[PDB]
Amino acid sequence: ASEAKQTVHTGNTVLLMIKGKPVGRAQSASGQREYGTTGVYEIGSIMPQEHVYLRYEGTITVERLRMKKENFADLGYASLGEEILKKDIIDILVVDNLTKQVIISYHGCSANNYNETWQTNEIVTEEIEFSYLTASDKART
Amino acid sequence: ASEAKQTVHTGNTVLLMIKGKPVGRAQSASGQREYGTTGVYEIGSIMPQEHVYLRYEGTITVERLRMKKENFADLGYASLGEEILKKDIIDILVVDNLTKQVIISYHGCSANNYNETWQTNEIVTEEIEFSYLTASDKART
Amino acid sequence: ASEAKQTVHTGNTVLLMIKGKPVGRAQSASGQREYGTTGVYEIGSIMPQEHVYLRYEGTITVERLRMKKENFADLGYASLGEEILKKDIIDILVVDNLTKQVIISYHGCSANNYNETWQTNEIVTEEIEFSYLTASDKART
Amino acid sequence: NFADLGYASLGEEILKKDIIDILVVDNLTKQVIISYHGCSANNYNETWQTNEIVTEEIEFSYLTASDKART
Amino acid sequence: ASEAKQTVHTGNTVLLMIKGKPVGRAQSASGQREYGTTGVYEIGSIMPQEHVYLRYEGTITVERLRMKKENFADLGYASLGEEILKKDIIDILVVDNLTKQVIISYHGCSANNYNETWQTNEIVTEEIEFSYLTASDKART
Amino acid sequence: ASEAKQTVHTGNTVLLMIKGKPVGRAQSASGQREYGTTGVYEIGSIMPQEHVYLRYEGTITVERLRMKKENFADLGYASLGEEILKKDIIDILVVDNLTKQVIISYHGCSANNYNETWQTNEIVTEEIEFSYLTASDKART
Amino acid sequence: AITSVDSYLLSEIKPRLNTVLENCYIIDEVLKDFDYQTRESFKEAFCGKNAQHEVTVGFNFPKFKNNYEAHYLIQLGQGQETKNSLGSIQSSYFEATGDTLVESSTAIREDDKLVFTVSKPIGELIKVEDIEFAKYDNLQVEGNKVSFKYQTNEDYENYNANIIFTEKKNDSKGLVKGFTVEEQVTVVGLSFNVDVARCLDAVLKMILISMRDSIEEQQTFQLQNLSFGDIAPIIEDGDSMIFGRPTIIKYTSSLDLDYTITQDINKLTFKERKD
Amino acid sequence: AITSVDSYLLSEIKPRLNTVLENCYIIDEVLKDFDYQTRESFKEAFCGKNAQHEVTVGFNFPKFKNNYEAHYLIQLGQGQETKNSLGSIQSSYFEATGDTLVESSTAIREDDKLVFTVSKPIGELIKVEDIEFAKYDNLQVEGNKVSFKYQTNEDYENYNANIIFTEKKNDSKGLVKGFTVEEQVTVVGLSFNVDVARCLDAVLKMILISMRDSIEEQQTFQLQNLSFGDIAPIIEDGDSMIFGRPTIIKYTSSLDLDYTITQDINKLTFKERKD
Amino acid sequence: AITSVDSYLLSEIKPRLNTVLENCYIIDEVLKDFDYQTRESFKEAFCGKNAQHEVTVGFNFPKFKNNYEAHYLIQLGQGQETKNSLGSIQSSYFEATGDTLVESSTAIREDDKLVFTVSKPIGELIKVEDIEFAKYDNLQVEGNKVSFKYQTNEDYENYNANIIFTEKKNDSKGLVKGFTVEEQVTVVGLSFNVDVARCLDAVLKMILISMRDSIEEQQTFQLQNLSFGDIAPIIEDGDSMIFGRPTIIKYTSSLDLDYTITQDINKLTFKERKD
Amino acid sequence: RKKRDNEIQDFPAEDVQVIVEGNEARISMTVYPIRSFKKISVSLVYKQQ
């Protein structure tokens with residue numbers, strides 16, 4: 001039996017896709033958003049009379065195991081030097097394994113920092129952190 | 001059977017090479033890159049209209065077990081005093097054990113700090129952190 | 001994010017030229033202007049009836065890290081002793097790095113102040129102040 | 001830019017530039033919040049730096065400031 | 001990175017000399033110049049037709065940590081009382097450490113200000129200000 | 001590192017004396033001098049032909065933590081009311097702690113400014129400014 | 001909806017296993033690593049629609065005899081509780097909803113609309129394959145059929161599609177109470193010939209992978225964790241031993257119950273204080 | 001591609017072990033630490049092409065008798081799952097690709113090009129030994145051969161080279177589904193003389209090291225972790241005991257399956273809203 | 001160079017143990033803590049060149065009888081892998097090098113030099129005792145001898161010295177492949193009298209300490225970790241029990257192999273593009 | 001490094017070729033030569049006002 005009213009997402013029901021290509025052996029991803037809320041304090045009140053949105057900052061991180069082929073450097077998505085200046089924006093999509101419907105998409109993603117670890121006793125891993133213009137959860141049912 | 005379409009790198013398929021010499025008993029290495037992305041905020045928008053690259057900073061660390069011979073001090077790659085001023089740049093290469101093809105190379109590496117630990121119950125270890133001008137992943141197939 | 005598509009001049013996109021050469025190890029540059037604006041007042045009313053322009057003042061500042069070769073003193077663009085009287089006017093251009101298109105030009109630059117500093121662990125900083133006759137932004141269209 | 005757009009001038013062309021009016025506007029409805037009439041330029045400043053964004057500054061002197069059409 | 005190959009004068013590469021001796025425990029040195037530049041204006045137009053040079057002002061500053069021996073007061077390069085009237089002009093040189101080549105020279109240096117400080121836990125700081133007749137950068141080529 | 005071998009006067013090595021007593025709880029001391037240096041200019045050339053000395057200005061500053069006994073007001077070295085007219089000149093010495101050798105002396109010190117502060121949780125700070133006739137550094141050799 | 005993992009394994013395994021053994025091409029892909037001798041002998045025995053020998057599957061402690069030539073054996077294993085929720089609440093629903101189904105249908109020509117018909121009331125729609133209905137299409141559900149408007153879609157009177165939908169039972173809104181259970185189940189292949197067992201285990205691993213795409217697995221049984229034991233003689237008191245490599249399967253699922261609410265507020269009256 | 005580690009061990013061990021025992025120089029290097037007496041007695045027995053005694057290898061629970069004078073015994077051991085991936089996805093491929101091969105070939109003189117020929121279709125090339133083909137060489141693949149242009153390479157009509165390449169099967173693009181498995185396998189040497197066992201174990205350790213350079217090991221079986229037990233009497237009910245030191249080998253590998261995609265989009269039509 | 005720890009223990013123990021028991025002064029220092037009665041009785045039995053009773057040492061499961069009055073018993077124990085390296089690489093060498101040796105020699109008078117002669121080719125020198133050869137000495141090696149110039153060293157024609165050097169075999173440069181192994185080995189003393197066992201164990205602890213200064217231990221077998229069990233009756237089926245306190249010794253060592261390189265580049269030719 | 005020192009203006013990165021054969025290696029590469037400024041042609045037009 002399978003009652004959809006209580007289902008949740010997991011690692012086996014999600015795909016990470018770039019330019020249609022599913023990135024392989026991807027391990028984890030985290031998303032952050034900051035609206036920069038600030039309160040307004042009058043003289044005759046310790047309490048904040050109201051809150052206001054001021055600034056939108058958002059970053060997304062991706063952890064991956066470096067495949068011998070189609071690594072982020074080979075794919076051209078990342079960069080290692082002045083080649084970065086010629087790299088255009090990208091959109092990173094999280095799409096449902098079952099229906100292939102979209103769960104959340106990040107628009108105008110741009111790379112922030114690049115990390116790779118070479119270790120003796122463990123598989124090679126690399127991490128990338130992007131900064132995006134806007135997020136979207138459209139194209140739903 | 002061995003399908004190359006899914007293979008990944010590990011500690012047993014990588015070599016760390018300097019000036020052609022394979023450094024011995026090397027344990028780990030980490031690489032960092034920072035493009036210094038910053039957003040542009042207009043008056044009439046909380047959202048960042050666009051991101052721009054500003055500054056390239058990159059460092060690589062190496063962990064090693066101090067062999068009685070050919071340690072980083074004996075090799076002349078590191079330095080312990082004013083001898084550093086006469087040390088020229090170097091290139092640190094990560095090369096594939098199988099094919100001897102290159103995976104990533106760091107150009108114009110320069111030393112940043114030097115750490116060595118003498119301990120009673122464990123093998124001696126030393127750590128070096130370099131700052132490099134540019135990275136490259138050329139010379140591929 | 002990309003080189004061409006960024007609507008804003010980052011420091012990277014800009015190049016500074018003097019007399020058919022680039023200026024190496026440039027760090028900063030500022031240009032200030034005053035049209036000598038004044039208000040007209042009369043007995044009839046306090047409010048200023050009109051505004052007019054009186055005198056044109058134009059100055060540009062430059063900072064540089066003293067190279068072991070090709071400094072302003074070495075290159076003759078600046079002088080220390082009485083040789084200044086033998087130095088003619090200079091024209092400066094600020095240039096788009098991509099296409100060597102001109103962004104703004106300073107005509108008739110002559111020197112006002114020249115400053116130099118030395119310090120234990122800092123990089124040698126060379127600064128110079130230029131006063132010019134006119135500033136023009138043409139040949140863009 | 002102001003130099004490209006002609007709202008500001010560098011050389012003697014300033015004498016050929018007339019007055020300018022500036023408005024500060026409510027984004028939601030394009031209603032006016034405050035207006036500056038007869039703006040004319042006083043100072044124009046520009047900076048370039050290694051890793052910063054190019055900053056353009058300008059100073060305007062005006063004849064009057066009015067806050068009307070709100071009601 | 002290397003001593004010879006670095007195109008920029010770091011503080012380390014520079015050496016400061018007075019009267020055939022090095023200055024020990026030097027910390028800072030600054031040189032400022034003003035050519036007394038002025039603009040020519042006439043009735044015909046607001047724009048300055050020409051620029052001319054009027055007066056030459058040249059000053060150099062030095063800071064030093066008061067050694068228990070060989071200070072300026074001890075060495076006679078500076079004076080406290082009426083003995084100053086018995087002190088002649090001094091010439092200062094700023095030198096390349098590698099080869100003892102000259103980088104810039106100050107001729108006819110005479111003292112303007114002399115400052116001294118003592119504090120509980122800081123190092124004693126000695127400062128002095130010199131005004132000179134001319135500054136020349138020759139013998140380099 | 002050692003007491004005798006350090007070539008530099010740390011704050012610890014120095015001792016400050018007035019009228020055959022040490023000054024307890026001293027915190028800072030500064031001495032500034034101006035020889036009234038000026039440049040000679042003539043019609044023939046812009047460059048200054050010579051430099052001369054006009055007027056001698058000498059001031060010394062001292063700060064101290066107000067002890068419950070032996071303050072300047074208590075000790076008579078400084079005065080508040082009209083009693084100042086009954087106070088003669090004072091001579092200050094700055095001394096090497098090891099051997100009580102003299103480092104520098106101020107002759108004819110007379111008071112200019114006297115400042116005092118009190119605060120909730122800080123230590124009471126007493127400051128005083130002295131103008132002197134001459135400063136001499138003799139008896140060292 | 002208490003989940004009987006053991007029943008789910010049997011329901012999935014029995015059809016899928018028969019299909020895999022039916023064809024030879026898939027088996028070759030599965031047994032690509034094994035040597036030629038073992039690979040073909042297994043194929044000669046069980047593979048193909050014309051296979052005289054056949055595999056069987058059943059639960060432990062049966063009173064009859066199983067085909068010890070080749071057999072899958074299952075036993076329930078341990079269970080544990082891992083994560084809770086505030087008030088033990090999982091979800092809230094406005095409609096009594098059953099299982100989630102996938103059905104295939106062809107568009108039908110109505111006057112104003114094109115409609116698909118499904119075997120049961122639609123309840124909640126989830127997706128129609130590769131259609132992003134715009135607002136002007138005015139997608140809506142009615143009973144056991146889903147409808148979208150006809151205009152500027154006229155080429156699709158014969159559209160053939162798959163539909164994902166839920167079984168609706170009642171309009172009685174209610175809450176869900178339950179928690180998550182971490183359960184382990186054991187599976188083992190049996191034979192009197194070790195080579196058959198190794199081939200049998202490898203076949204199992206593949207269908208476990210394929211089950212990761214199943215509707216029930218994606219929605220109800222998540223977070224596989226597989227663990228394999230060492231090949232051991234299951235039996236020694238006989239003419240020959242029985243050899244089998246046990247495997248352990250772990251699952252995460254919810255033990256849920258439906259609580260119905262009758263306190264539906266419809267009226268709302270405001271009366272001021274008499275004072 | 002389910003990986004049978006046990007089969008891989010046997011495939012690698014049997015040829016390599018025979019080669020090592022064939023020559024004496026390598027054995028001396030291996031047994032450098034051991035004393036003279038044990039070293040030469042082992043060499044007198046098994047070493048050399050003219051050795052009357054021989055070593056054997058086989059799996060556990062065989063119905064026949066093994067050469068208990070000296071024998072390698074293997075048993076499958078435990079297995080565990082360690083790391084997953086999102087959607088269980090590992091990789092995406094545009095071509096159905098099999099094993100990765102190394103082949104040797106000699107250049108052939110064509111008119112515009114020099115070409116190497118290989119036993120099977122090339123599919124994906126990985127490397128030709130110590131050649132960095134420039135763009136002007138215009139390196140390209142065709143069927144079972146790889147070609148590069150002739151000009152300014154004319155000295156190499158007889159070039160003798162090794163080639164690393166992949167087996168191509170189909171143009172059917174598909175995805176990979178699977179996960180990583182941490183598996184342990186046991187190996188033990190057997191003898192009725194303890195000295196032989198110690199020499200036998202040491203020989204094993206060397207070929208395990210050599211296997212670290214193998215193509216299969218580098219690509220498929222990674223992250224060795226070796227563990228040795230204590231020397232024990234395996235048997236006591238006989239005229240003399242059997243002594244053997246068990247060893248445990250650990251591996252990391254992927255249990256992968258191929259999922260084929262047929263939804264290839266080729267056409268793309270834009271139509272504006274009627275309004 | 002696979003390391004047989006068990007053989008190393010026997011090689012070190014047998015000579016050193018005999019030397020320790022040979023003299024009485026060292027034994028008194030070792031047994032300083034023990035009471036007078038036990039100390040002298042042990043000394044009366046085994047200590048001294050004129051001792052009628054003697055200690056023995058051997059490995060486990062021998063087919064003969066051991067001197068159960070006093071005996072050292074060794075058994076191999078467990079082994080484990082602890083630390084790896086990238087590509088399993090340990091070191092690179094330009095010369096095929098064997099063991100590291102210490103030899104004593106006397107200077108010989110040549111014309112321009114004073115030279116020491118050694119039993120084998122020098123290969124890599126490490127140290128000559130308490131000599132810091134300056135550049136003007138022009139220290140150099142030749143075959144099996146090391147030479148330094150004569151002038152301003154003329155008092156040393158008869159210099160008597162110790163030399164530390166390595167065994168050279170070939171000029172064939174090669175790499176090292178291997179890893180580190182954490183190994184445990186068991187040692188136990190046996191007797192039918194508990195007092196003897198305690199004295200025997202204490203003697204063992206001392207020679208383990210002395211082994212910390214040995215060349216092999218310093219270079220190959222590092223990071224001692226000792227662990228002692230409780231005194232137990234090893235045997236009970238006899239006229240009297242056997243008592244022994246087991247000890248466990250741990251070591252860290254490398255399992256290394258030599259890989260030889262033949263791709264020596266000597267020529268280097270530059271050719272410009274025809275365009 | 002040469003480009004960073006302004007010694008060379010531009011070059012193709014992908015044009016390099018390397019071949020190894022026993023004890024010998026062949027290296028082939030291309031670099032664009034610098035171009036200097038040679039010709040300028042000017043014309044003037046006089047006009048009233």
# chains A, B, ... in the order shown; residues from 1 in each chain; ligands from 1
call {"tool": "residues_around", "arguments": {"residues": "residue 26 of chain E", "least_positions_apart": "4", "cutoff": "7 Å", "atoms": "only C-alpha atoms", "output": "list in words"}}
result
residues 63, 64 and 65 of chain E
call {"tool": "closest_atom_pairs", "arguments": {"of": "chain B", "to": "chain C", "cutoff": "9 Å", "atoms": "only C-alpha atoms", "output": "Markdown table"}}
result
| residue | atom | partner | partner_atom | distance |
| --- | --- | --- | --- | --- |
| B:37 | CA | C:1 | CA | 8.5 |
| B:40 | CA | C:8 | CA | 8.9 |
| B:50 | CA | C:1 | CA | 6.9 |
| B:51 | CA | C:1 | CA | 5.2 |
| B:52 | CA | C:1 | CA | 4.7 |
| B:53 | CA | C:1 | CA | 6.5 |
| B:54 | CA | C:12 | CA | 7.0 |
| B:55 | CA | C:12 | CA | 8.8 |
call {"tool": "write_last_selection", "arguments": {"atoms": "C-alpha atoms", "output": "short mmCIF file (atom, residue, chain, number, x, y, z; two decimals), in the first residue's frame"}}
result
data_model
loop_
_atom_site.label_atom_id
_atom_site.label_comp_id
_atom_site.auth_asym_id
_atom_site.auth_seq_id
_atom_site.Cartn_x
_atom_site.Cartn_y
_atom_site.Cartn_z
CA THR B 37 31.98 36.84 -6.25
CA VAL B 40 25.24 44.37 -7.32
CA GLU B 50 24.00 40.33 -11.10
CA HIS B 51 27.20 38.79 -9.76
CA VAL B 52 30.77 39.67 -10.79
CA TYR B 53 34.16 38.05 -10.28
CA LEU B 54 36.71 40.24 -8.52
CA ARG B 55 39.66 38.37 -6.97
#
call {"tool": "atom_distance", "arguments": {"atom1": "atom CA of residue 268 of chain I", "atom2": "atom CA of residue 131 of chain H"}}
result
14.9 Å
call {"tool": "select_by_dssp", "arguments": {"residues": "segment 211-262 of chain I", "states": "alpha helix (DSSP H)", "output": "list in words"}}
result
residues 211, 215, 216, 217, 218 and 219 of chain I
call {"tool": "write_last_selection", "arguments": {"atoms": "N, CA and C atoms", "output": "compact mmCIF listing (two decimals), in the first residue's frame"}}
result
# COMPACT_ATOMS: atom_id res chain seq x y z
N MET I 211 66.39 -3.79 22.54
CA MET I 211 66.11 -3.91 21.12
C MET I 211 65.65 -2.58 20.53
N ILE I 215 69.56 -1.59 15.12
CA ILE I 215 69.47 -0.98 13.79
C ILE I 215 68.17 -1.39 13.13
N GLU I 216 67.86 -2.68 13.16
CA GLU I 216 66.64 -3.17 12.53
C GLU I 216 65.41 -2.55 13.16
N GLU I 217 65.38 -2.48 14.49
CA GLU I 217 64.24 -1.91 15.19
C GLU I 217 64.08 -0.43 14.86
N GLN I 218 65.19 0.32 14.87
CA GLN I 218 65.11 1.75 14.63
C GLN I 218 64.64 2.04 13.21
N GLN I 219 65.02 1.18 12.26
CA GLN I 219 64.78 1.47 10.86
C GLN I 219 63.52 0.79 10.34
call {"tool": "residues_around", "arguments": {"residues": "residue 47 of chain D", "least_positions_apart": "4", "cutoff": "12 Å", "atoms": "only C-alpha atoms", "output": "PDB file with C-alpha atoms, in the first residue's frame"}}
result
ATOM      1  CA  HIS C   9      32.956  48.041 -15.102  1.00  0.00           C
ATOM      2  CA  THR C  10      34.804  45.976 -12.542  1.00  0.00           C
ATOM      3  CA  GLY C  11      38.384  46.907 -11.777  1.00  0.00           C
ATOM      4  CA  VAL C  14      39.723  48.454 -16.962  1.00  0.00           C
ATOM      5  CA  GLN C  27      46.573  50.005  -7.704  1.00  0.00           C
ATOM      6  CA  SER C  28      44.239  53.035  -7.669  1.00  0.00           C
ATOM      7  CA  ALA C  29      43.176  56.040  -9.717  1.00  0.00           C
ATOM      8  CA  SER C  30      40.793  58.883  -8.913  1.00  0.00           C
ATOM      9  CA  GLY C  31      39.569  61.860 -10.911  1.00  0.00           C
ATOM     10  CA  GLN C  32      37.915  64.922  -9.370  1.00  0.00           C
ATOM     11  CA  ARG C  33      36.442  67.996 -11.035  1.00  0.00           C
ATOM     12  CA  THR C  59      42.909  66.753 -10.897  1.00  0.00           C
ATOM     13  CA  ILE C  60      43.683  63.047 -11.196  1.00  0.00           C
ATOM     14  CA  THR C  61      45.449  60.832  -8.657  1.00  0.00           C
ATOM     15  CA  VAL C  62      47.390  57.621  -9.272  1.00  0.00           C
ATOM     16  CA  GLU C  63      49.041  55.088  -6.978  1.00  0.00           C
ATOM     17  CA  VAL C  94      41.555  54.664 -19.231  1.00  0.00           C
ATOM     18  CA  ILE C 104      37.830  58.381 -20.708  1.00  0.00           C
TER      19      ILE C 104
ATOM     20  CA  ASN D  51      39.246  44.729  -7.145  1.00  0.00           C
ATOM     21  CA  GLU D  52      36.428  47.180  -6.374  1.00  0.00           C
ATOM     22  CA  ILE D  53      33.581  48.162  -8.651  1.00  0.00           C
ATOM     23  CA  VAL D  54      34.010  51.452 -10.483  1.00  0.00           C
ATOM     24  CA  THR D  55      32.233  54.166  -8.492  1.00  0.00           C
ATOM     25  CA  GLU D  56      30.830  57.311 -10.109  1.00  0.00           C
ATOM     26  CA  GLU D  57      29.749  60.239  -7.933  1.00  0.00           C
ATOM     27  CA  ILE D  58      28.238  63.607  -8.820  1.00  0.00           C
TER      28      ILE D  58
END
call {"tool": "select_by_dssp", "arguments": {"residues": "segment 7-113 of chain A", "states": "strand (DSSP E or B)", "output": "ChimeraX atom specification"}}
result
/A:14-18,21-22,26-34,38-40,50-52,57-65,67,90-96,102-113
call {"tool": "residues_around", "arguments": {"residues": "residue 165 of chain H", "least_positions_apart": "4", "cutoff": "12 Å", "atoms": "only C-alpha atoms", "output": "VMD selection string"}}
result
(chain B and resid 2 to 5 99 141) or (chain H and resid 97 to 104 117 to 129 141 144 to 146 215)
call {"tool": "decode", "arguments": {"residues": "segment 98-110 of chain G", "atoms": "C-alpha atoms", "output": "CSV table (one decimal), in the first residue's frame"}}
result
chain,number,residue,atom,x,y,z
G,98,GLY,CA,-6.2,5.3,-0.4
G,99,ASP,CA,-3.3,4.0,-2.6
G,100,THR,CA,-1.5,5.9,-5.3
G,101,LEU,CA,-2.0,4.4,-8.8
G,102,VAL,CA,-0.6,4.7,-12.3
G,103,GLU,CA,-3.1,4.1,-15.1
G,104,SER,CA,-2.9,4.5,-18.9
G,105,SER,CA,-5.7,6.2,-20.9
G,106,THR,CA,-6.5,7.7,-24.3
G,107,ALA,CA,-8.1,11.1,-24.7
G,108,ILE,CA,-11.8,11.2,-25.7
G,109,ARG,CA,-13.5,13.8,-27.8
G,110,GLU,CA,-16.1,15.8,-25.9
